[PDB]
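The form deposited in one PDB entry is given below as one chain in structure tokens.
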């Protein structure tokens, strides 16, 4: 079984696209492999230097992933900056990185040195742990390939010291029909207040269809989100309500509201428990950092032989 490593964005608020799209699958994969996952809070600094906001974002990211089912016993789960080894490997990988490689990168292309450089720091996270597989999206594919390129450059020079990582890649619709995404501001958040959740579900864009008539559920965003929360029978019963007529889109929102609350009630409660007693969160994160620091310290020793430390 291959080593799968995921960096996790601390920034922002987790939404149900994230959940049914990435996380749920990842949480169910914790049995067939030792997963490694980290809140990349180092990368978070390229786009912000408000410390207090960054700090909170990390605690909150931490708690959110745990409550959605990351089990720190099965997997290796930690805060990036807790394993400082990556920082020194970053420096070493830089010496093997041609500028051109970075100039042609895409999050920069598409301007601080942090922003230009972060692909090397990413290669360091990947390479430090002999990652076989990096689960990403299209947007992050060439970052993985850049780490693989750095790896080949180092191997040629030092012998095979690094595993060559390989990138691995059904849409949740957002509020407006598009892919749900923070950047489109069309999301339904998981850890928000009931009041905020009702507002988000209210913004869902609908047909003009009149309350009295049959509504098309095949093209209704409300029905598409709801599909995520129901089996075939619950989906049939709501389809029958669309067709029958006599209920408005507003009635369906109330229903989606209750579906979304019920579904995440536990994760929400666990989240709040984690943030009310943060000494437990720290402990979970410290425990994950220990397992990762042990793998990292051991790769580093081998690097140190090659680089003379």
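Positions refer to the first chain, counted from 1.
The segment from residue 205 to residue 206 is modelled without interruption, since every residue of the deposited sequence in that interval carries coordinates.
According to the entry, the deposited sequence places 4 to 9 unmodelled residues between residue 110 and residue 111. Higher average CA B factor: 217-225, of the stretches 113-121 and 217-225. The PDB entry reports B-factors from which the mean C-alpha value can be compared for 258-266 and 279-287; the larger average falls on 279-287. Among 161, 87, 147, 169, the highest C-alpha B-factor in the deposited entry belongs to 169. Highest CA B-factor among the listed residues (75, 80, 187, 94): 75. Per the PDB record, residue ranking by Cα B-factor puts residue 253 in the middle third of the chain. Per-chain ranking of the deposited C-alpha B factor places residue 29 in the middle third. Residue-level temperature factors show residue 231 in the highest third of its chain, judged at the C-alpha atom. Remark: residue 157 belongs to the middle third of its chain, ranked by C-alpha B-factor as recorded.
Residue 64 sits in the lowest third of its chain by CA B factor, as recorded in the PDB entry.
Quick note: we don't show the form deposited with a small molecule bound, though the next part is all about it.
The candidate stretches are 172-180, 198-206, 211-219, 96-104, and the one lying within 4.5 Å of the small molecule in the entry with it bound by heavy atoms is 172-180. Contact check for residue 17: a non-hydrogen atom falls within 4.5 Å of the small molecule in the entry with it bound. Contact check for residue 22: a heavy atom falls within 4.5 Å of the small molecule in the entry with it bound.
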